[PDB]
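In structure tokens, one chain follows: the form deposited in one PDB entry.
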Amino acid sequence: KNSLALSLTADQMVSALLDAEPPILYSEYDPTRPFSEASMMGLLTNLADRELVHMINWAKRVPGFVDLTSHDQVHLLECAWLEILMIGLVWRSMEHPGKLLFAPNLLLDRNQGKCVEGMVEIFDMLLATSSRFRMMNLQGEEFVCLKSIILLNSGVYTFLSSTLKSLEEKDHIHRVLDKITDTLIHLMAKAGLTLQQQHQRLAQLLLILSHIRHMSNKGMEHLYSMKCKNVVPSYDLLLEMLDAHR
């Protein structure tokens, strides 16, 4: 692939990723009205709906992503969307121990998780991830690398791949993933970590992604258990949004 992505240095990768970051959105409720009146699930659903649109724009700006066919872009987003929302939430919540910062005007604690049956389980997992990032002193530059890894990794092993084209798409993804790895290592070397510390930190970061997958899976199961499914993107919806984007 002549992909410009593969010619990027670590610093250019980080710049591109920092520049692609979506805005922090606000929850939509009247702050003049008391907080009951508001449905918690309604607020969260609405927020996720609005976050999704921005996620598509962000994805299109991840180096290497637009080199893929639309079909593969959709497949990656279908698999990764909730993991991406979740890693964003955890990062925003880092400086708020015991709380989840859904939006600047929607900072929830554990006991607010108990609104909606089974959500507290997810809340606790999210809190623990936020604690882990805090403990590790996760940097914004590392965060954007991890979020891009999720986009590219989560769906890559579930392409139905008979064709030459599909094999080339997979190879491409793996090369970009290798570039993000290099980028992460670079950031750590420049922060003055030893070689051993670099590889240990890389491993600690990537192992957290396993827990993010777990949380996404649990979350998706609770959502599928519902008789309404207002925002969870079908392939076709995602393809439309990708086409509607351009």
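Residue indices: 1-based, along the sequence shown. Residues that one form lacks are left out of the comparison. If you superpose the two forms and keep the largest set of C-alpha atoms that fall within 1.5 Å, you have the rigid core.
The form deposited in another entry exists for this protein as well; it is not shown, and the discussion that follows is about that form.
Superposing the rigid core between the shown form and the other one leaves a single residue from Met136, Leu85, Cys115, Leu107 with a C-alpha shift of at least 2 Å: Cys115. For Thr9, a C-alpha deviation below 2 angstroms is recorded between the shown form and the other one after rigid-core alignment. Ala20 shows a C-alpha shift below 2 Å between the shown form and the other one [criterion: core-superposed Cα displacement of 2 Å]. Note: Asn217-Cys228 Cα separation is 3 Å or more shorter in the other form than here.
Closer approach of the C-alpha atoms of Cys228 and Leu126, by 3 angstroms or more, is seen in the other form than in the present form. Segments displaced between the shown form and the other one are 114 to 117, 225 to 231 (runs of at least 3 consecutive residues, each Cα moved 2 Å or more after rigid core superposition).
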